[PDB]
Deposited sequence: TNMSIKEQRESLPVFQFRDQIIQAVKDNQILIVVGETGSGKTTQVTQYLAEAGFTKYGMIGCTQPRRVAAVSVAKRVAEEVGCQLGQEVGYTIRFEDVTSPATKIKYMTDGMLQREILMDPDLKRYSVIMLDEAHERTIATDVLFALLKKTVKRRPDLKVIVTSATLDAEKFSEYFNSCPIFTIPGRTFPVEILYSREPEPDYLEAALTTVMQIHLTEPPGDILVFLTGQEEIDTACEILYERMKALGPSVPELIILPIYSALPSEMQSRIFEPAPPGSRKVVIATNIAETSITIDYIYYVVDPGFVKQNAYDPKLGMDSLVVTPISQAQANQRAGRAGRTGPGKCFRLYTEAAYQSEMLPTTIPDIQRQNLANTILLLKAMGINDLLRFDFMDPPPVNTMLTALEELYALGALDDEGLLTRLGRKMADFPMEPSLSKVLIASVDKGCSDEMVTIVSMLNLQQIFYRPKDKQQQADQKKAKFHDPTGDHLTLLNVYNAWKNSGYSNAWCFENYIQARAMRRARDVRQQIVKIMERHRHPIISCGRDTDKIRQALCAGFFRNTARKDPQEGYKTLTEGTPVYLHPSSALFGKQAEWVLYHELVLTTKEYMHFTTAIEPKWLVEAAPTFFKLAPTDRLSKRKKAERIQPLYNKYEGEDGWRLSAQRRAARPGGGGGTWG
């Protein structure tokens, strides 16, 4: 029964050996294959081996869903109630009790816990799971746990790794042993394209057609790059199927991407009807976050939309670029979850061998780092450039982050953390947003600022479906403030609140309920943090300008003037068509982010008055006679 499942897993074969390996070495690298089941077993093995006696067993996961899934299964396998001996902790949800002995958590959570307790006294063993994904939190934890083990001999650390990176991990973690566990995974025949494919979208559509018409049963999973590309692919495929007479077997074409509402996301999981073949046209969300059952075919175009930060210009760049080998292999493996399968790679073998990096560049080496830098300074680490990162971030990215924190008053001239800086690090957001919150206290608009900040944290607020695009834009424009997007975000939350937090209201007005529910969770958390720091939450009422004054305290660098050209570097930047300021004239502008997609676009742009810049940032804005 329950025991039978634990024994079937291969990891049971090395159960005694794992426990001894953990006893023998303080830091152990574990290479776990897909079918190993190390996530739900190693945790227990140590708990049954008596490791639970003086500390807790913590295991990180890079995803919230993964943390709750595995905690549910390990609770069921241990036969206790979730929250008792086996619990989980993620943001807004601490499902643990004084009886908790095994604790699954998000890496983020443990990172934030190490700040208040750098020795992590409550834990006897820490396991870093799915570390091959190389989130910023995981990378930070590598360094911090390495330092912590020297202080704490009793602490035991386990770091899961990919096969290629296992040796690299070992040398970094004091040349400690590597434990490899075999995993049961069904074979996937990988077919490369004979010649390079000029158009990856067309090739993917052609390949879907081929498979459906000429291959044995089984649903297809296609990896594309964005929402517009996927919706265009769905429309095109449907029309090609119709072109053929109704004699040809039904092809159910379903998109999947995070912006897609949870109902429509749910329709992908549903089993296909009799004598029908499903194709799921997906982003990289299907690679790890979404696991779809009964996929036997994968079409691999070979591209992903990748974020890369340019600190010189203070701008993210989203570029469709070739995936990595690791990423390509992950994709292939999705055909092999339910049973044996095939993967059609639309690139030549040479291109896998020579045009694709063996590993995706880690997040820490291509994102803004202000948030990370502030946290590390808060923990009292100072020469961050020399800090023991496994893969060190670009030097310019670290210097700009440091300059940013200096400019906001988080750091003094000597580089050390200020009282403001310490306060700001207790808030979970980029430092520029925490600056604005604390500035809003003095400016008497804290109540509005909190909700606004909360909205900024969220992703995909306004739903814009393909067929009903115009209708969405109309409903969105009812909320537009004359000043632009920040106050528009305020309106959306207030109107949601005033409708009694209705999911119906959201659907009607083409607004993602998932986003609004998260905003309320974020808001409640922020309000608690404000109270702890004795910062009062004050409403500005009608005087909304006070919000705009507060925004300049944090976002003075992100400012532009119409011809728009950036105030600092003079670089041209453009209002995004979604903006409430789009068709409108406004001479002086403030924006939340500068992202380069097909054009350099300001995101969440708001109109400002230059007075507010010299008021809020006196040192950085000089007043001169013309």
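Where does the structure fail to cover the deposited sequence at the C-alpha level? Those parts of the chain that were deposited but carry no coordinates are 1-3, 567-570, 634-677.
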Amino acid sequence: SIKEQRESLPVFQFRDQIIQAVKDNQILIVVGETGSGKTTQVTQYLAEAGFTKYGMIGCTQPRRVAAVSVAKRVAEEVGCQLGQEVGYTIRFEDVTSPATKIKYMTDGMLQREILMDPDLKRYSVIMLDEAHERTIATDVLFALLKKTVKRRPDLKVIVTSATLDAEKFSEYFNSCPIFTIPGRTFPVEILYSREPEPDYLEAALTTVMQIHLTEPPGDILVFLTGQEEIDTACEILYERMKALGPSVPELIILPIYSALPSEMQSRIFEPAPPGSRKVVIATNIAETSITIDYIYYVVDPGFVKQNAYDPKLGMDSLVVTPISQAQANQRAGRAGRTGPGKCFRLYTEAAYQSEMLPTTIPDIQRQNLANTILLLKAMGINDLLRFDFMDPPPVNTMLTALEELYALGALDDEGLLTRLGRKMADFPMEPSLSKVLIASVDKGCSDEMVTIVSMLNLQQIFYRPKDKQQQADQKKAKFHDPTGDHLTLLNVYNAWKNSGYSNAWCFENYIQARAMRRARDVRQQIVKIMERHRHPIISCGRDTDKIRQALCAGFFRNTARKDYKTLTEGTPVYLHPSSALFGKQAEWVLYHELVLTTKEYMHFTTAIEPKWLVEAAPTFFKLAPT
From here on, numbers count along this sequence of modelled residues.
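Which is higher in the entry, the mean Cα B factor of 74-82 or that of 298-306? It is 74-82 that shows the higher mean C-alpha B-factor.
When the C-alpha temperature factors are averaged for each of 106-114 and 93-101, which stretch ends up with the higher value in the entry? According to the entry, 93-101 carries the higher average C-alpha B-factor.
Go through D481, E229, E133, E250 one by one and give the residue whose Cα B-factor in the PDB entry is largest. Answer, based on the entry's C-alpha B-factors: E250.
What's the residue among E287, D363, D485, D442 with the greatest CA temperature factor in the PDB record? Each of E287, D363, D485, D442 was compared by C-alpha B-factor; the highest is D442.
Entry-reported Cα temperature factor of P217, expressed as the chain third it lands in: For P217, whose C-alpha B-factor we compare with every modelled residue in the chain, the answer is the middle third.
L596: which third of its chain by C-alpha temperature factor? Bottom third by C-alpha B-factor.
Against its chain's modelled residues, does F169's Cα B factor rank lowest, middle or highest third? For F169, the deposited C-alpha B-factor lands in the middle third.
Give the position of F344 by CA B-factor within its chain, expressed as the lowest, middle or highest third. It falls in the bottom third of the chain.
Would you mind checking where the Cα B-factor of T566 ranks among the modelled residues of its chain, as the lowest, middle or highest third? Answer is middle: the recorded C-alpha B-factor places it there.
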